[PDB]
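Scroll down for the structure; my scribbles are underneath it.
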2 protein chains.
Amino acid sequence: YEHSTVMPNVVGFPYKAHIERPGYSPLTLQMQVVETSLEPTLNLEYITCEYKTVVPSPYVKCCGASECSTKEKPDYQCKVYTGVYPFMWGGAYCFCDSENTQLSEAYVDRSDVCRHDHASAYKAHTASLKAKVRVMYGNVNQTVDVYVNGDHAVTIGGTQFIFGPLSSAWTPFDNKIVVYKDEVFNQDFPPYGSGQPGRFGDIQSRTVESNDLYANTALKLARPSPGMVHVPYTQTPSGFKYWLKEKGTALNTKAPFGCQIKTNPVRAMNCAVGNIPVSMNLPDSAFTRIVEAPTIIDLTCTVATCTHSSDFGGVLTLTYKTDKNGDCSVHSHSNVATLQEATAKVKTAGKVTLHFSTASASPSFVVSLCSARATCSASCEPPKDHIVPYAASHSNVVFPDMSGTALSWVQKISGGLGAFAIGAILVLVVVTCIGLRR
Amino acid sequence: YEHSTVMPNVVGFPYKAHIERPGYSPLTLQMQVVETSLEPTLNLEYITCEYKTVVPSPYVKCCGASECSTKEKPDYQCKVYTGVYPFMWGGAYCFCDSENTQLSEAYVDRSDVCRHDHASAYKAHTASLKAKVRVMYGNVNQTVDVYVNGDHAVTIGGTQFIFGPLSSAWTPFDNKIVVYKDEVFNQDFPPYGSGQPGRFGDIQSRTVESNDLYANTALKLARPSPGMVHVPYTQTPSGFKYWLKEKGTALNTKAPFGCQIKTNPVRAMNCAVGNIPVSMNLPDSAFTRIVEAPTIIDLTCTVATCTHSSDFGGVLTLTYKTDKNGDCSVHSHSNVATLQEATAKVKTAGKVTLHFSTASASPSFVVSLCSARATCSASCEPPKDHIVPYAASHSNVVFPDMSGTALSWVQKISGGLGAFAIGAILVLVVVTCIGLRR
Ligand SMILES: *[C@@H]1O[C@H](CO)[C@@H](O[C@@H]2O[C@H](CO)[C@@H](O[C@@H]3O[C@H](CO)[C@@H](O)[C@H](O)[C@@H]3O)[C@H](O)[C@H]2NC(C)=O)[C@H](O)[C@H]1NC(C)=O
Ligand SMILES: *[C@@H]1O[C@H](CO)[C@@H](O[C@@H]2O[C@H](CO)[C@@H](O[C@@H]3O[C@H](CO)[C@@H](O)[C@H](O)[C@@H]3O)[C@H](O)[C@H]2NC(C)=O)[C@H](O)[C@H]1NC(C)=O
Ligand SMILES: *[C@@H]1O[C@H](CO)[C@@H](O[C@@H]2O[C@H](CO)[C@@H](O[C@@H]3O[C@H](CO)[C@@H](O)[C@H](O)[C@@H]3O)[C@H](O)[C@H]2NC(C)=O)[C@H](O)[C@H]1NC(C)=O
Ligand SMILES: *[C@@H]1O[C@H](CO)[C@@H](O[C@@H]2O[C@H](CO)[C@@H](O[C@@H]3O[C@H](CO)[C@@H](O)[C@H](O)[C@@H]3O)[C@H](O)[C@H]2NC(C)=O)[C@H](O)[C@H]1NC(C)=O
């Protein structure tokens with residue numbers, strides 16, 4: 001028996017579906033979303049880590065000269081000075097007083113611990129939703145892992161379940177992403193090969209193990225002081241170490257809809273948005289023939305107490321007359337009130353109790369026990385607690401019924417005004433007819 | 001010196017850009033797309049391969065009964081038969097005449113070579129382009145590998161190049177893709193866990209190493225014949241073997257725009273569509289001071305022969321008076337004609353020759369030698385060869401100049417008719433003015 005439904009994408013909300021086969025007693029399912037996971041698709045752009053400047057020892061040439069040699073090193077620098085007269089602890093070598101040269105050399109390189117501490121720059125698009133649902137009906141429990149898209153069928157006790165694509169297409173990750181350890185940032189990073197010194201991305205590597213490196217950190221050599229051997233240099237500080245202390249905010253403490261961001265793999269979890277269509281296919285063994293089900297007649301519904309609070313703040317009583325004692329399925333056909341239980345024990349005593357949760361001043365809904373029906377109306381008083389540590393258990397519907405107190409007053413006033421207008425129109429029509437018949 | 005341009009995405013087309021700095025002599029670059037690659041993004045769905053049926057030896061219970069036991073195996077079928085009386089070569093065992101029992105057991109499993117011969121079912125989206133552009137100018141000649149999007153800057157001899165995103169967003173891969181060896185198929189495969197027996201996807205595995213397996217081949221057991229031990233069964237043949245014989249076509253021999261499809265990784269190469277914006281940043285050492293370059297005056301452009309064919313079938317001549325000899329940078333400012341060379345040696349003899357390729361009956365373009373200018377117009381005759389094995393070297397513009405023979409005839413006829421109409425209008429105006437003056 002094929003069936004379909006639409007259920008909210010809220011974690012912990014006890015959705016109940018009612019299936020009415022005409023040759024069998026009604027059946028009630030319960031589906032709950034234990035966990036979700038919004039998995040995006042990532043493409044690595046480059047990898048940034050702190051750099052490490054390498055300064056080889058100077059080559060002081062005594063009584064001669066040396067020439068600069070170019071090399072293919074990241075941000076390589078080389079210069080030759082003239083007129084150096086160095087000194088050491090024992091004395092001063094380079095016997096020639098003035099005709100000596102010193103060759104300074106330096107270049108940048110990736111750090112030693114870059115494999116353990118680096119920031120990745122990604123591109124995020126086309127998120128894929130994956131969920132873990134709990135399905136319980138009849139006497140079968142289970143929890144399953146289902147991809148939320150129209151092409152994954154999972155069977156739970158002979159029933160084939162297909163969870164349709166999510167209603168919305170909203171993702172909390174922008175096009176460009178920077179990932180560091182366990183934090184995700186919505187950042188716009190410079191393109192590869194065009195990084196600026198002192199800021200994020202001064203040195204960039206295509207991959208952790210990639211040999212190629214692009215470095216732009218304004219390394220500049222200076223002339224050594226007289227009578228010294230030190231190879232002076234200057235360089236703008238690391239851009240990664242600066243970005244560490246001035247990155248600002250995150251996405252963990254910034255994401256909308258109250259969903260946590262994690263890493264490895266990057267994903268946003270338990271993130272309440274949209275609706276999830278569901279398609280089923282049940283075998284004949286799930287239902288019970290109508291002859292076995294108890295026969296219920298003369299169903300009347302009364303409400304003892306009501307309080308439109310987050311938890312189940314209502315009590316329901318049903319009176320009936322039965323021939324045998326068995327099991328019925330209880331369902332509410334409107335989303336203004338949600339029943340706590342899905343089955344009840346019908347007995348010859350003719351009285352059962354139910355719990356429901358509502359969020360309107362005056363609810364009106366029809367409840368069914370096995371095959372019977374009954375219309376319930378009640379007056380609910382507001383609660384007293386200001387704040388509670390648990391989520392809402394109702395569908396958040398506030399508009400009262402047309403038979404409520406406020407709507408009754410509105411109806412009475414509008415009826416009086418309409419009666420006055422009708423009398424006015426009748427008098428005017430009578431006068432016009434009398435005038436025209438003259 | 002920042003510059004920007006737009007160059008076609010055609011392999012082998014010799015695009016030349018003209019950079020005219022106000023303080024320096026003009027420059028002509030040459031860019032060429034040697035190779036192109038279009039890489040989609042794939043998400044593996046499952047793996048399919050030929051199955052193998054495992055039939056354990058029957059358990060014949062002499063003088064007794066046996067009971068079937070359920071197991072968690074892919075497509076497990078077990079049945080118990082009564083009244084069997086097996087036989088062997090020497091004699092029949094199970095002494096009891098009819099109180100025997102045989103237990104038939106069978107189940108299906110992944111084949112032995114499924115790790116070597118299998119087809120992957122992907123989902124392809126958000127293709128990314130990548131090219132290999134050869135850039136040559138002055139004394140620079142190099143080939144670079146570039147990502148064709150606004151986020152990769154590559155330095156060629158001191159100049160920064162940023163190749164913008166492709167103009168169009170056309171990709172030849174549908175949403176769903178099936179890959180086999182070196183062939184890509186545009187196919188719609190059944191969802192995981194809902195495969196049908198006999199067709200593609202009868203057995204599905206989430207990954208080649210994944211332990212779980214979904215199998216649905218309609219394996220059914222039958223009662224053994226009297227006096228034999230054989231465990232009969234019937235099964236729908238493999239779906240992979242049907243698919244290999246009824247897959248139909250491919251994408252290698254079906255893709256538009258004449259672009260080859262290759263596998264490992266999945267990619268479409270040399271696929272001519274759209275335009276590639278190019279951004280540049282040149283240093284001041286590439287140009288030459290206008291004082292050093294020769295001065296050109298009294299430039300006349302005369303066309304010797306023209307034939308609007310695919311190759312460079314036009315010969316051009318330039319006459320000039322120059323003070324000193326050096327190098328110039330020729331260029332054509334209209335895409336009607338495409339020159340072959342981007343540099344000519346000027347001499348005191350005042351005569352240089354150039355080749356161009358055009359595809360219109362009567363072209364009209366303005367050519368510039370260093371800083372001079374000249375307008376060229378010529379009459380071209382069609383070529384006789386019907387088919388040639390090389391691509392067109394022109395921009396394929398056919399509309400002739402307003403000075404061409406056909407448009408000259410049109411202009412003359414329209415002018416005659418307009419003169420007639422103007423004369424008639426004047427006659428009518430004079431007549432009506434005289435009439436109104438009375
Ligand atoms: C031992 O110490 C003496 C100290 O003078 C060194 O003699 C010096 O040798 C250099 C290299 O041959 C000379 O430089 C040359 O200078 C001329 C100009 O006169 C120039 O044309 C050459 O190209 C070269 O640069 C230097 O003049 C000379 N000293 C003097 C005072 O003339 C000698 O090289 C040392 N030997 C060793 C093994 O250390
Ligand atoms: C379907 O399976 C789930 C999970 O096994 C069942 O939920 C489990 O319900 C039992 C009680 O019926 C829970 O045990 C008790 O939980 C309370 C929670 O405060 C704890 O204080 C007690 O010490 C005791 O452990 C159990 O925790 C709970 N499991 C989970 C994961 O929530 C569910 O009841 C099953 N369906 C049916 C119809 O039984
Ligand atoms: C040697 O051969 C004799 C053949 O007579 C075997 O005796 C057979 O033993 C089995 C033991 O299970 C008897 O089966 C039983 O049959 C009764 C009545 O049908 C049934 O109610 C029980 O549930 C059980 O199935 C079988 O009747 C009996 N054959 C007879 C009495 O003719 C003996 O087991 C053999 N010894 C071996 C194989 O070691
Ligand atoms: C700019 O540099 C490229 C390479 O960096 C030059 O490409 C060269 O192109 C010519 C022909 O287009 C190649 O010569 C060919 O060699 C093969 C070898 O079998 C021969 O069969 C052909 O008939 C032809 O002679 C040459 O190898 C190639 N240079 C390479 C690959 O290094 C290009 O010519 C340069 N630009 C200019 C204006 O010279």
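The way I read the labels, and the way they are meant: chains A, B, ... in the order of the structure tokens, residue 1 as the first residue of every chain, and ligand 1 as the first ligand shown, with later ones counted on from there.
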
Could you list, as a PDB file with N, CA and C atoms, in the first residue's frame, the residues of chain B having an atom within 6 Å of chain A when counting only C-alpha atoms?
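What landed in part35.pdb:
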ATOM      1  N   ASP B 151      40.810  33.254 -10.153  1.00  0.00           N
ATOM      2  CA  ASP B 151      41.526  33.009  -8.906  1.00  0.00           C
ATOM      3  C   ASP B 151      42.794  32.196  -9.161  1.00  0.00           C
ATOM      4  N   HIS B 152      43.596  32.613 -10.138  1.00  0.00           N
ATOM      5  CA  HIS B 152      44.939  32.061 -10.298  1.00  0.00           C
ATOM      6  C   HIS B 152      45.752  33.038 -11.132  1.00  0.00           C
ATOM      7  N   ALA B 153      46.748  33.664 -10.512  1.00  0.00           N
ATOM      8  CA  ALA B 153      47.636  34.599 -11.186  1.00  0.00           C
ATOM      9  C   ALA B 153      49.003  33.959 -11.371  1.00  0.00           C
ATOM     10  N   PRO B 191      18.029   3.979  -7.963  1.00  0.00           N
ATOM     11  CA  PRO B 191      18.585   4.353  -6.660  1.00  0.00           C
ATOM     12  C   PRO B 191      19.138   3.147  -5.920  1.00  0.00           C
ATOM     13  N   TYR B 192      20.085   3.419  -5.026  1.00  0.00           N
ATOM     14  CA  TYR B 192      20.656   2.355  -4.214  1.00  0.00           C
ATOM     15  C   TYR B 192      19.579   1.717  -3.351  1.00  0.00           C
ATOM     16  N   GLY B 193      19.579   0.389  -3.306  1.00  0.00           N
ATOM     17  CA  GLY B 193      18.600  -0.341  -2.536  1.00  0.00           C
ATOM     18  C   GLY B 193      17.274  -0.563  -3.224  1.00  0.00           C
TER      19      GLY B 193
END

Give me the residues within 12 Å of residue A:307 as a list in words, counting only C-alpha atoms and dropping any in the same chain fewer than 6 places off. residues 313, 314, 315, 337, 355, 356, 357, 358, 359, 360, 361, 362, 363, 378, 379, 380, 381, 382, 383, 384 and 385 of chain A

Residues up to 12 Å from ligand 4, counting only C-alpha atoms and all ligand atoms: could you list those as an MDAnalysis selection string? chainID B and resid 12 14 29:32 34 133:144 340:343

Against ligand 1, which residues of chain A fall within 7 Å? For each one I want the closest pair of atoms and the distance in Å (one decimal), counting only C-alpha atoms and all ligand atoms, rows by chain and increasing residue number, as a tab-separated table.
residue	atom	partner	partner_atom_place_in_ligand_line	distance
A:63	CA	ligand 1	10 (C)	5.1
A:64	CA	ligand 1	25 (O)	5.7
A:95	CA	ligand 1	2 (O)	6.0
A:96	CA	ligand 1	4 (C)	5.7

Identify, with DSSP run on backbone atoms, the residues in stretch 197-312 of chain B assigned to strand (DSSP E or B), and express the list as a PyMOL selection string. chain B and resi 203-205+214-215+220-221+233-234+260-262+267-269+275-281+289+296-305+307

Serialized selection, N, CA, C and O atoms, as a short mmCIF file (atom, residue, chain, number, x, y, z; two decimals), in the first residue's frame:
data_model
loop_
_atom_site.label_atom_id
_atom_site.label_comp_id
_atom_site.auth_asym_id
_atom_site.auth_seq_id
_atom_site.Cartn_x
_atom_site.Cartn_y
_atom_site.Cartn_z
N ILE B 203 22.74 -6.01 -8.51
CA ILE B 203 23.46 -6.02 -7.25
C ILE B 203 24.24 -4.72 -7.14
O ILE B 203 24.89 -4.30 -8.10
N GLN B 204 24.15 -4.07 -5.98
CA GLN B 204 24.77 -2.77 -5.78
C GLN B 204 25.62 -2.80 -4.52
O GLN B 204 25.23 -3.40 -3.51
N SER B 205 26.78 -2.16 -4.58
CA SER B 205 27.67 -2.05 -3.44
C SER B 205 28.12 -0.60 -3.31
O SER B 205 28.49 0.02 -4.31
N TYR B 214 23.66 -5.12 -1.54
CA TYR B 214 22.25 -5.24 -1.85
C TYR B 214 22.12 -6.05 -3.13
O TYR B 214 22.68 -5.68 -4.16
N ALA B 215 21.39 -7.15 -3.06
CA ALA B 215 21.23 -8.04 -4.20
C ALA B 215 19.76 -8.40 -4.38
O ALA B 215 19.07 -8.72 -3.41
N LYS B 220 15.27 -18.53 -6.98
CA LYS B 220 14.21 -19.41 -6.52
C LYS B 220 14.67 -20.86 -6.59
O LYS B 220 15.33 -21.26 -7.55
N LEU B 221 14.32 -21.64 -5.57
CA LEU B 221 14.72 -23.03 -5.47
C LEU B 221 13.57 -23.95 -5.88
O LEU B 221 12.40 -23.60 -5.76
N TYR B 233 17.81 -24.98 -9.12
CA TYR B 233 17.37 -23.60 -8.91
C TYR B 233 17.29 -22.90 -10.25
O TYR B 233 17.85 -23.36 -11.25
N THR B 234 16.58 -21.77 -10.26
CA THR B 234 16.51 -20.89 -11.42
C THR B 234 16.76 -19.46 -10.97
O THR B 234 16.37 -19.06 -9.87
N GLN B 260 36.85 15.66 -26.99
CA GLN B 260 37.09 14.27 -26.62
C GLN B 260 36.83 14.05 -25.14
O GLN B 260 37.15 14.89 -24.30
N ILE B 261 36.25 12.89 -24.82
CA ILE B 261 35.99 12.50 -23.45
C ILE B 261 37.02 11.46 -23.05
O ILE B 261 37.22 10.46 -23.76
N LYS B 262 37.67 11.68 -21.91
CA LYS B 262 38.66 10.76 -21.39
C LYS B 262 38.33 10.44 -19.94
O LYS B 262 37.59 11.17 -19.28
N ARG B 267 36.99 13.80 -17.74
CA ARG B 267 37.34 15.13 -18.24
C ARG B 267 36.95 15.23 -19.70
O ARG B 267 36.97 14.23 -20.42
N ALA B 268 36.60 16.44 -20.14
CA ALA B 268 36.36 16.75 -21.54
C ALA B 268 37.40 17.76 -21.99
O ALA B 268 37.57 18.80 -21.35
N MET B 269 38.09 17.45 -23.08
CA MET B 269 39.28 18.19 -23.48
C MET B 269 39.08 18.90 -24.82
O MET B 269 38.40 18.38 -25.71
N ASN B 275 34.33 32.42 -24.41
CA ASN B 275 35.47 33.33 -24.48
C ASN B 275 36.14 33.40 -23.11
O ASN B 275 35.50 33.22 -22.08
N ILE B 276 37.44 33.66 -23.12
CA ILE B 276 38.26 33.66 -21.92
C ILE B 276 38.80 35.07 -21.69
O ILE B 276 39.74 35.50 -22.36
N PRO B 277 38.22 35.82 -20.76
CA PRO B 277 38.79 37.12 -20.40
C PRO B 277 40.20 36.96 -19.84
O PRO B 277 40.51 35.99 -19.14
N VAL B 278 41.06 37.93 -20.16
CA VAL B 278 42.46 37.91 -19.74
C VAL B 278 42.79 39.26 -19.11
O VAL B 278 42.47 40.31 -19.68
N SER B 279 43.43 39.23 -17.95
CA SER B 279 43.90 40.43 -17.28
C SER B 279 45.42 40.37 -17.16
O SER B 279 46.00 39.29 -17.00
N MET B 280 46.06 41.53 -17.24
CA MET B 280 47.51 41.60 -17.34
C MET B 280 48.04 42.72 -16.47
O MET B 280 47.30 43.60 -16.02
N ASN B 281 49.35 42.69 -16.23
CA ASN B 281 50.03 43.75 -15.48
C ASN B 281 51.49 43.76 -15.95
O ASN B 281 52.30 42.97 -15.46
N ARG B 289 61.02 53.08 -25.48
CA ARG B 289 60.77 54.51 -25.58
C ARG B 289 60.52 54.90 -27.03
O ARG B 289 61.16 54.39 -27.95
N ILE B 296 57.56 56.57 -38.58
CA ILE B 296 56.99 56.15 -39.85
C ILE B 296 56.02 57.22 -40.33
O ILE B 296 55.09 57.59 -39.60
N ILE B 297 56.22 57.70 -41.55
CA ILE B 297 55.35 58.70 -42.16
C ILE B 297 55.01 58.25 -43.57
O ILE B 297 55.77 57.51 -44.21
N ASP B 298 53.86 58.71 -44.06
CA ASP B 298 53.39 58.44 -45.42
C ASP B 298 53.28 56.93 -45.67
O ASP B 298 53.98 56.35 -46.49
N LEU B 299 52.37 56.32 -44.92
CA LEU B 299 52.13 54.88 -45.00
C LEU B 299 50.98 54.60 -45.97
O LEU B 299 49.88 55.14 -45.80
N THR B 300 51.25 53.77 -46.97
CA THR B 300 50.24 53.34 -47.93
C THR B 300 50.20 51.82 -47.95
O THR B 300 51.24 51.17 -48.07
N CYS B 301 49.00 51.26 -47.85
CA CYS B 301 48.79 49.82 -47.82
C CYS B 301 48.17 49.37 -49.13
O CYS B 301 47.07 49.81 -49.48
N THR B 302 48.87 48.50 -49.86
CA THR B 302 48.40 47.97 -51.13
C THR B 302 48.39 46.45 -51.08
O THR B 302 49.38 45.83 -50.69
N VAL B 303 47.27 45.86 -51.48
CA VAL B 303 47.08 44.41 -51.43
C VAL B 303 47.46 43.82 -52.78
O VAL B 303 46.97 44.26 -53.82
N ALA B 304 48.34 42.82 -52.76
CA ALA B 304 48.77 42.18 -54.00
C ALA B 304 47.75 41.15 -54.47
O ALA B 304 47.19 41.27 -55.57
N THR B 305 47.50 40.12 -53.66
CA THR B 305 46.55 39.07 -54.00
C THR B 305 45.69 38.76 -52.78
O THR B 305 46.10 38.98 -51.64
N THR B 307 42.55 35.73 -51.45
CA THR B 307 41.74 34.54 -51.70
C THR B 307 41.21 34.08 -50.35
O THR B 307 41.98 33.57 -49.53
#
